[PDB]
Ligand SMILES: Cc1cc2nc3c(=O)[nH]c(=O)nc-3n(C[C@H](O)[C@H](O)[C@H](O)COP(=O)(O)OP(=O)(O)OC[C@H]3O[C@@H](n4cnc5c(N)ncnc54)[C@H](O)[C@@H]3O)c2cc1C
């Protein structure tokens, strides 16, 4: 309760760790770079032991409310003809925006500052110094980075040899546009030239959430520039046909637009000194893994937990934090790489794989003494 803690960014894991920290007696603070939380995103499956975690946060019922209601989908060709349609445990498929908002609804007690960015971070035995972009300066006992795959807190506190970012050779994009098709609870996707386009409707009938997935070795100079992301999207899907151009034209007005390149972070240690990485920052499995959503839950839970049992000793708390998840992250990260290799109903062999990897770790209770 005494120690001053800082959580950076509102993700899944970012808000998740805050709630577990607050519930365990701590009083942390959450800061965010964007003016408000970013709700935009695709549907994500909460599964494995993460479903257990969702319940004890009391948000499981809210998740089942916002779960994907989409009834059907069919795989279109370039011309619109239908090649294939709709064919082929406690877990839920829910838009991360709903999940994030549900997570943000839980931590509402916890202070959250948006429009806050860290231009500098320093560390010694006594404290952790932070320099905000607005010029404000503060020192915390511990700092947890929710930044994710591209985390700046990782590059600042770590050198090049300590961690490595692995590129799985594919990109991903999604965003919300008004529905020109007018379809409701339907999903249309066409796979051509190792590229995929996905446009669908959901509980909100007005808007259709589009998406783009293509396998490429191309490297943007700066991956944080949206227009380079957007321009790169057009260049790749130029000549693709079908509904491509009609989607790209309604793109510019989408506020939730998200672009990135599938990658997974490999690090020996997820914590250095008084600073620790959570979520995609340290262990990110990447989108193709599909379990990237869950690692935030398992990580934010064990992180906050190990710090409480530490009784003030953070070094040991972080060492037990690293040791436990590496077994889980390893088996998990390798799944995302395996699916990254690929791209009948015998193919259900992969479904059995996920159920094995998702449940593959044992959570210390931390609740029951
Ligand atoms: C908007 C968005 C959309 C996504 N869509 C998909 C998807 O469609 N499919 C998929 O497989 N995965 C997607 N992901 C990745 C996936 O959701 C995460 O890997 C997973 O949920 C774990 O989240 P996290 O804890 O790493 O936080 P993340 O989801 O990585 O979010 C990090 C948050 O921290 C904030 N932040 C980042 N950098 C800084 C900084 N320097 N200073 C302050 N704040 C910062 C950002 O506002 C961001 O909301 C998305 C992530 C985001 C942020």
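Going from the start of the chain as shown, residues are counted 1 onward.
Every residue, even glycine, has its Cβ placed from backbone N, Cα and C.
Among 258, 314, the residue that Swiss-Prot places alongside 10, 11, 12, 13, 32, 33, 42, 96, 280 at the FAD binding site is 258.
In the deposited coordinates, residue 88 and residue 89 are the last and first modelled residues around 7 missing ones; Cα to Cα they measure 17 Å. In sequence order, 30, 32, 37, 38, 100, 104, 112, 146 are the residues near residue 10 (FAD binding site), counting only same-chain partners six or more apart with C-beta under 8 A. Around residue 258 (FAD binding site), the same-chain residues at least 6 positions away in sequence with a Cβ under 8 Å from its Cβ are 38, 40, 41, 173, 174, 175.
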